[PDB]
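Now for the letters of each chain:
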Amino acid sequence: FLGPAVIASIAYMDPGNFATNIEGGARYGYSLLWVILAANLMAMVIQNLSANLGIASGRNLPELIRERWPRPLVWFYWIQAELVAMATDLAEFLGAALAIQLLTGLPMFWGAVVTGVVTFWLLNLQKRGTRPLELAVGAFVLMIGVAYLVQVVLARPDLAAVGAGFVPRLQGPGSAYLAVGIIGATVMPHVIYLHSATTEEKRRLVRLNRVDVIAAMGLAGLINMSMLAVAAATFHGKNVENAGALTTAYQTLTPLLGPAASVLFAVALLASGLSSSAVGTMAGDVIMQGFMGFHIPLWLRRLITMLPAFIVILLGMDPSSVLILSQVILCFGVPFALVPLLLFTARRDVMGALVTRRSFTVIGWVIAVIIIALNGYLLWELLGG
Ligand SMILES: CCCCCCCC/C=C\CCCCCCCC(=O)OC[C@H](O)CO
Ligand SMILES: CCCCCCCC/C=C\CCCCCCCC(=O)OC[C@H](O)CO
Ligand SMILES: CCCCCCCC/C=C\CCCCCCCC(=O)OC[C@H](O)CO
Ligand SMILES: [Cl-]
Ligand SMILES: [Cl-]
Ligand SMILES: [Mn+2]
């Protein structure tokens, strides 16, 4: 009876999580372990409210905004929700193109051209054809996740710094830019618009969906913490050339995977980016339909999302660096998504007999308060550091 939360863990591991966990351990050691533990517990409460909203109300967060809020406010949220989709695909479409570079040696541009063909072709496939591929990409992402669960024990990390990595201690502005990037990688604001896509029958799924969320977020947190702790035991404190970048993250699993660490890491990173970008493009289409009632052709949405990725490549920026930036932008979109979440789930005309418990609503606002604080904390040091 164990399986649903495995699927959610492999779907949660996107290239955005790889870039933040590897860089978080290489440049800052274990000192960001508390960020991963805090973001997961935040995402447990956040993604639980997102699922409770869809079971009771029957609609999704975009649909409720379209039917209840004034038009100028619906357009603003649709534009805000449209930028969260572009920042999500920018982390996944670029991650697949980066894995192509680690496998074949193709440049970043041509690696995106191959990623562009796969993303276009994968959208035309039906639900019955992608079923084997969903298990194929699930296999590689799962084994690479258990690889870090075993290696974190075999790497023999300095437990004095591991346990001390759970006290919220700051390391300047660079720690905040990356701590914010970890929150955006875990919460995933676009899911807050996507997850939601008879109290005996409606509180039944709230009992069933709640089990899958807490169990899956548990392993995803263990995998993310293990990956950050292995990268800390590998590159941190040793002055490695270009440490933290995804071009050398395979060396974290060299003593475990032997000479197969580079291929098994890029393949698991390619399967993670190809699946999350095709599903992310499908998710962005339902979001626009919920806000505006109409939609653009899916090929046009797929092409517009590639333009910022090709522009970053044509400029010469570091692929691993722009993946972390996209996760920071997502964390600025979390407060904009939590507000329609904490308000709709706390209305009796919207939920019915499933009004959110008064304790979870207050905690959810404090989570938004902390993220607003952490976003406001960061946003100062950039221009006056
Ligand atoms: C901060 C990180 C927090 C999360 C981290 C905990 C997660 C570990 C859970 C399961 C993996 C256990 C599997 C590891 C078992 C390997 C032991 C073994 O096989 O021993 C081989 C060694 O070579 C003989 O000396
Ligand atoms: C769900 C996982 C997080 C739950 C909350 C975590 C509590 C923080 C304490 C220990 C971390 C667990 C790993 C144990 C290794 C660290 C133990 C330790 O504190 O080491 C003391 C001394 O420094 C040795 O050298
Ligand atoms: C350096 C300091 C930086 C920190 C910066 C922020 C400081 C915190 C300010 C306000 C927190 C307010 C706590 C949130 C309480 C909201 C509870 C609530 O509104 O829930 C009611 C619900 O509607 C019932 O049905
Ligand atoms: Cl450290
Ligand atoms: Cl309302
Ligand atoms: Mn993520």
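Deposited coordinates in this entry are attributed by the record to X-ray crystallography, at a stated resolution of 3.1200 Å.

Draft legend 1. Fine view of the coordination of the manganese ion (ligand 6). Taken together, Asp14 (OD), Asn17 (OD1), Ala185 (O) and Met188 (SD) make up the protein donors of the manganese ion (ligand 6), found 2.2 to 2.7 Å from the metal. Spacing between the donor residues of the manganese ion (ligand 6) along their common chain follows D-x2-N-x167-A-x2-M. Remark: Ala185 occurs in helix α9 (residues 173-187) and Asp14 occurs in the loop between α1 (4-12) and α2 (15-26); sequence separation between them is 171 residues. Residue classification places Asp14 among the buried residues on the basis of a relative accessible area of 2%.

Draft legend 2. Structural view of the site of ligand 1. Every residue near ligand 1 is listed here: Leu149, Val150, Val152, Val153, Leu154, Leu222 and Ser226. Calculation on ligand 1 without its partners gives an accessible area of 710 Å², and the protein chains cover 43% of this total. Secondary structure elements with two or more residues in the shell around ligand 1: α7 (131-154) and α11 (199-234). Among the elements that take part in the shell around ligand 1, α7 stands out by supplying five residues, more than any other. The residue inventory of the shell around ligand 1, partitioned by class, reads six nonpolar, one polar and no charged.

Draft legend 3. Spatial organisation of the nonpolar core. Counting residues in each nonpolar core, the largest one holds 104 residues, and the members touching the most others are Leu246 and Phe291. Those residues in contact with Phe291 that lie beyond four places of it in its chain are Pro62, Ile65, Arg66, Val74, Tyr77, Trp78, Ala81 and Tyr193.

Draft legend 4. Seen up close, the side chain of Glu23. By the secondary structure assignment, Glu23 is in helix α2. Looking at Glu23, its side chain comes within polar contact range of the side chain of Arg27, at 2.9 Å. In this view, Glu23 contacts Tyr28, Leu178, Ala243, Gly244, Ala245 and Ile324; residues no more than four positions away in its chain are not counted.

Draft legend 5. Quick look at the site of ligand 3. In the vicinity of ligand 3, the contacting residues are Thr361, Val362, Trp365, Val366 and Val369. Contact with the protein chains hides 34% of the accessible area of ligand 3, taken as 700 Å² for the molecule alone. Here the shell around ligand 3 is built from residues that sort into four nonpolar, one polar and no charged.

What counts, and at which threshold
- Residues numbered from 1 in each chain as written, not as in the entry; some residues may be left out.
- Chains lettered and ligands numbered in written order.
- Heavy atoms only, no water.
- Residues with missing side-chain atoms left out of burial classes, pairs and counts.
- Donors = N, O, S within 2.8 Å, 3.2 Å for Na, K, Ca; no water.
- Helix = DSSP H or I, 4+ residues; strand = E, 2+ residues; numbered from the N terminus.
- Buried < 20%, exposed > 50% of the residue type's maximum accessible area, 1.4 Å probe, protein only.
- Near = heavy atom within 4 Å.
- Areas by Shrake-Rupley, 256 points an atom, 1.4 Å probe, with all protein chains shown as cover.
- Nonpolar A, V, L, I, M, F, W, Y, C, P; charged D, E, K, R; others polar.
- Core = buried A, V, L, I, M, F, W, Y, C linked by side-chain atoms within 4.5 Å.
- Contact = heavy atoms within 4.5 Å.
- Polar contact = N/O pair within 3.5 Å; in protein donor to acceptor, adjacent residues only side chain to side chain.

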